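Just one chain follows, in the form deposited in one PDB entry, and it is written as structure tokens.
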């Protein structure tokens, strides 16, 4: 209903989108604004957006699979409307139209789709360790004093957690109070460590108009704090990843993380 969700769309068309990540971004806003141009404009401007847009990796040429997550309540409905209204004439990526061959909103329909209530997410079993699968290049913006554009394309436990928290606070109905948030970032930069990782890989990808370095693979974060407040906070964020994504550029295909 007004729950976070993930859906996957097969866009079967004649040729591969020249810039799937980018064109998918356009398709989204074009769609979303057919219905409500205020939502489009206001959303567009937001520094923190409650949605992700990711061409899934690894299909046939001419076909594209888009994962769309949403955190807001008012985002899904207009999209659904535009989609239903849009679908019959095909959805346009760039200068071609693709046929909505499939819509996979069911967990059983695709392992990367489904929904959950904020209450479920929030009542996630507490964790002392959390593994993530980063399916598409994941990068953090680690900028510095001066005009210093800098990137961290590796699974820094602090930054991972940092994003999932920043994201939670921004888009969650049950946000922590400043004290708790402070006592979380603290317990993170104190008791978080890299328990391990599999199939790490470094990439340079066009995330929209530009190219960014990112990593993929799996990483396990461990938390030495027995402090129960921090433990179940990890549980919440670990679940949230499935919908919020991780780090920077989630609207452009990057940061597709998945809780293991």
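The term rigid core refers to the maximal set of C-alpha atoms that superpose within 1.5 Å between the two forms. Positions refer to the first chain, counted from 1.
Counting the deposited residues that fall between residue 58 and residue 59 and carry no coordinates gives a value of 4 to 9. Taking the mean C-alpha B-factor of each stretch as recorded, 244-252 and 12-20 are not equal, and the higher mean is that of 12-20. Looking at mean Cα B-factors across 114-122 and 158-166, the upper value is held by 114-122. Remark: of 53, 207, 200, 192, 192 shows the highest value [criterion: C-alpha B-factor in the PDB entry].
In this PDB entry, the Cα temperature factor of residue 39 sits in the top third of its chain's modelled residues, the highest group. Annotation for residue 152: C-alpha temperature factor in the lowest third relative to the rest of the modelled chain, per the entry.
In this PDB entry, the Cα temperature factor of residue 136 sits in the bottom third of its chain's modelled residues, the lowest group. In the PDB entry, a CA B factor belonging to the highest third of its chain's modelled residues is recorded for residue 184. Residue-level temperature factors show residue 31 in the lowest third of its chain, judged at the C-alpha atom.
The protein also exists as the form deposited in another entry; that form is not presented, and the subsequent description refers to it.
Only 33, out of 231, 206, 220, 33, shows a C-alpha shift of 2 Å or more between the shown form and the other one on alignment of the rigid core. Taking the rigid core as fixed, one finds a CA shift for residue 23 of 2 Å or more between the shown form and the other one.
A movement of the C-alpha atom of residue 114 falling short of 2 angstroms is seen between the shown form and the other one when the two forms are aligned on their rigid core. Fitting the two forms on the rigid core leaves the C-alpha of residue 78 displaced by at least 2 angstroms between the shown form and the other one. Annotation: residue 250/residue 18 CA-CA distance longer in the other entry than in the displayed model, change of at least 3 Å.
In summary, the C-alpha positions of residue 251 and residue 19 diverge in the other entry, ending up at least 3 angstroms farther from each other than in this conformation.
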